[PDB]
């Protein structure tokens, strides 16, 4: 849909800029109980109540990347990708979650083999330590990130990070402690659509015996205390001049719904609760003012020693960006009371503006609307407000819908011109943002592979490479992957 002169070229970007693709462990690996790996929260979730995954599926196999990793690397290599973002499975390294439980030599060997193979193919590993797959042994012991002591999860996570640094840090120069913290907390413990599926009594989820106005914030502050300890560890013993550590935030761009100053206020509260929640702690050592004023006692306080450790705890940062929303003011009044942690923004997040028209063209699935300007907005915030740190777009993509009711022919799934156009426009926005002074240094397409998309299961294909599950998870390059190959190698 873009004109030939508006199509991004690789020479639009500095030679040290990084293009890559991304996955996560639970979503692609399979081999859930093989070679000494312990159960995760998502394993027990999918399997004690398969009715809570939309299509009744799980990731026992996924894309079978534990066995098929050589082909993943082959595909990355063919496409000329500079880098690959994958995560390490906590229960695969440490089946009981703990130093007690001991290190699983086969887990270590897997990621060691993946890493060496990527590097010998000139592909830089960007390693996410944790992508939502908490060892089930830790969930039963103390609730995982719901840990009320705010110490046990912190120590256990830190030791896991230690193991990763100790076994992979010679070769891995780019670490991310967490990925998508706002989605993990808000969806797992707020709406409870994600494992372990907890929400306030009354709401529709597997375990409605939590608190959607509190538990997301509890899990969130444990995440922050854990990243701060791991970075503290990393800086003391493992940081070298050419290595970097950070974390990756999910963020939906925010635009004022109408012309009123109230909606500008709503917009700012929405950036704050989505981006600011986890960003502002790692930048300055505390949550956004707005969240503290609105969540109040539901948002725990950091101790002074914790603030020091948190502030400046990154060398780089990731942004996971898919879409944007219009933010519309809600007043404080006796006519309104927050139900979900995200309602503490006092702003409704609308797809359609005042003219009835969507913010951008719909990309196929329930929630992605194409709005590359919001990516630009986000980058200008990071630039002008939060010190312009080194930024990677660690996720960007769309999901093609493919279900029993409405199956997607393989020819149409491979002819993914919607995805291709979406990717091109967003890469073009990075060009525009760099020119404006953004310190963005790379871009990762979300989903190297069609994979298990959490609640959506296999109903959404986010891959630039198709995975044929009817066969033996055979990979086929889509048009998007073919364009990326041309782009990277020209």
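Residue numbers count along the first chain shown, from 1.
A summary of the deposited B-factors shows that, of 333-341 and 287-295, the stretch with the larger mean C-alpha value is 333-341. Set 449-457 against 51-59 and average the Cα temperature factors; 51-59 ends up higher. Per the PDB record, 97 has a higher Cα B-factor than any other of 220, 97, 390, 253. When the C-alpha B-factors of 395, 82, 280, 411 are ranked from the entry, the top spot goes to 411. Compared with the other modelled residues of the chain, the Cα B-factor recorded for residue 264 ranks in the lowest third. The PDB entry assigns residue 301 a C-alpha temperature factor belonging to the highest third of its chain's modelled residues. Ranked against the other modelled residues of its chain, the C-alpha B-factor of residue 25 as given in the entry falls in the lowest third. When the modelled residues of the chain are ordered by their C-alpha B factor, residue 247 lands in the lowest third.
Sort the modelled residues of the chain by CA B factor and residue 178 lands in the lowest third.
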